[PDB]
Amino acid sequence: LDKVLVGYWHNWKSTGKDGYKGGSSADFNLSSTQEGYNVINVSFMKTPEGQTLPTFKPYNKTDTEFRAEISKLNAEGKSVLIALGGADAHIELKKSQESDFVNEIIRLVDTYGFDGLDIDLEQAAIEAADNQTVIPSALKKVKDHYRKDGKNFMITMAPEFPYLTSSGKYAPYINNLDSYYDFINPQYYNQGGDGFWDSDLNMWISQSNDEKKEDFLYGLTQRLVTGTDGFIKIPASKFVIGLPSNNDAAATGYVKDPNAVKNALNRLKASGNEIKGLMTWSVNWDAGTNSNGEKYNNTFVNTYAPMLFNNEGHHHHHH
């Protein structure tokens, strides 16, 4: 099981004081992303104002420059995905648009050197238009195109965790991409008091319960990787826990005590359900500053990279 530490990179200039607590995300080139991250998700592919197909263009670079950044990252052993969606993405794919969507994903991959695509649909997008059928169908066609080439076009997804019920809104994306997706990194953040009911403890375990953070991480993940308690099944080897980099990056979900994660990962492995790694929103936040101008100073990557990678023989690397 090759381990991943996934981080999102913002394809925009920080507006300043963009954090949930008044902090400011950092601006830096994609290729300046902190070492440690081995999957980097360019954010976002979206439908621009007054256009009708989702697309992507680097905000700060020519296509040639941006392709060179990705080639450099790839040579360094890092995978770079394009993340489809995000907030206010206006993704409304009609069945009539499928071929064009497939061709645009191929164009982006071949133009820039993306190694795959992450499905990061906002709540409104999940059931919008024909998204639920077009996105999986298109992505299967893209994957098969590159398979004929001997290449693996990676598919990942970043579902908000409450949508991951067996017959929930997300089920079609997961069910219809079975055998095609490489891993799923759900967002264990921004859902406040939501969580899950634990019948053994007779307790509701929320995503904002700091005291029981370890049991929240362990218990939600265990349900997902076994497909129990009403949750959809995602194999543990294709599962990644998504966390906020800090309290500016997300309203809720920040893990105050990294030992909660360490212990949860170890308990998963001990139960025969070792998972693939961790994800964060976001590399720009991890390098950001709080409201007082103090640097977050890459604490997320400096903490979790050694956790996943020290003494680990199976470290995901591009090619």
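Note that residue numbering begins at 1 and tracks the sequence as displayed.
Per the PDB record, of the two stretches 43 to 51 and 252 to 260, 43 to 51 carries the greater mean B-factor over its C-alpha atoms. Mean CA B-factor, 56 to 64 versus 26 to 34: the higher value falls on 56 to 64.
Of all the options 223, 212, 78, 95, the entry's greatest CA B-factor is assigned to 95. Going by the entry's values, 179 shows the largest Cα B-factor out of 245, 71, 156, 179. Remark: residue 115 belongs to the lowest third of its chain, ranked by C-alpha B-factor as recorded.
The PDB entry assigns residue 274 a C-alpha temperature factor belonging to the middle third of its chain's modelled residues. Residue-level temperature factors show residue 128 in the highest third of its chain, judged at the C-alpha atom.
Ranked by C-alpha B-factor against the other modelled residues of its chain, residue 146 falls in the highest third.
Split the chain's modelled residues into thirds by C-alpha temperature factor. Residue 292 is in the highest one.
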